[PDB]
């Protein structure tokens, strides 16, 4: 099909996304940048979708975190999410798509602005949300590995899928974990969707980048990075450490698994066969240029190797 302005897409119903795409790129992502608004919109896709529990309810990726923001933004795990909900609400009011489609569309378009990124499959047609998420369904950084895996498993993700979705922390920073140092990233390349997050969480911790006593924070290996305790533990737990290390210097696997697992997450509470595939509307992301590395000056002796089956790969660092 050819839309009214000449852009093409496989299914005609997808044409309504083009003006939305142009508005988001200009007015939500500040001229299609891979910056904080993209990182915030990707976090929002997960805080919207993971409100899904077979025993308690919630409609998953349904827009409830916007539609019922008065409730869901009161949950402590949603602290800080109100800013991006407020930013997106007027786009949903202006355009003619549901809040659940909007949140997944904006996260997929955002990720396409990041070098190394992928086009997350995107389906159009989710109905408006009909219930708020139950409380207590979003994992937090002070939760044990067993607790996070049980919650993600309950929503339908295996432990290796947890690891694959946490590639999102390659384009991520924290404002709440240590409020003295807002905007401190989880890896050294928060505008590049790469394997640095999986490498740098494996380093021995050295210091706290801000204050020392924050709940859910581990020591970081570098002054300009922050480390969640949940990431510290998942990189070292026998349930997940082998998969974590397998992502290092493995950009094809990061891309293939993040796209597929993001799509499964974007579809929680929905049925793909009732929606319209509009994947080809998402922009084509830039590719990576630089190789994966340890931080300069670090060596394999600074890595806490946690996979008994396979040694950590011998990457270069300091030239």
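Numbering follows the first chain given and starts at 1.
(message) I need to verify one thing: averaged over C-alpha atoms only, is the B-factor higher for 53-61 or for 279-287?
(response) Between 279-287 and 53-61, it is 279-287 that shows the higher mean C-alpha B-factor.
(request) Pick between 270-278 and 290-298: the one whose mean CA B-factor in the entry is higher. (result) Looking at the recorded C-alpha B-factors, 270-278 comes out higher on average.
(request) Can you pull the Cα B-factors for 235, 99, 79, 148 from the entry and say which is highest? (result) Highest CA B-factor of the listed options: 79.
(message) Among 136, 169, 227, 215, where is the Cα B factor highest in this entry?
(response) Reading the PDB entry, the winner on C-alpha B-factor is 215.
(message) Test of reading the entry: by CA B factor among the chain's modelled residues, which third contains residue 32?
(response) Its C-alpha B-factor belongs to the highest third of this chain's values.
(request) Within this chain's modelled residues, let me know which third the CA B factor of residue 91 belongs to: lowest, middle or highest. (result) According to the entry, residue 91 has a C-alpha B-factor in the chain's highest third.
(request) Please rank the C-alpha B-factors of the chain's modelled residues and tell me whether residue 223 sits in the lowest, middle or highest third. (result) Its C-alpha B-factor belongs to the middle third of this chain's values.
(request) State the tercile, meaning the lowest, middle or highest third, of residue 110 with respect to the CA B-factors recorded for its chain. (result) Lowest third.
(message) Can you tell me whether residue 130 has a C-alpha B-factor in the lowest, middle or highest third compared with the other modelled residues of the same chain?
(response) Its C-alpha B-factor belongs to the lowest third of this chain's values.
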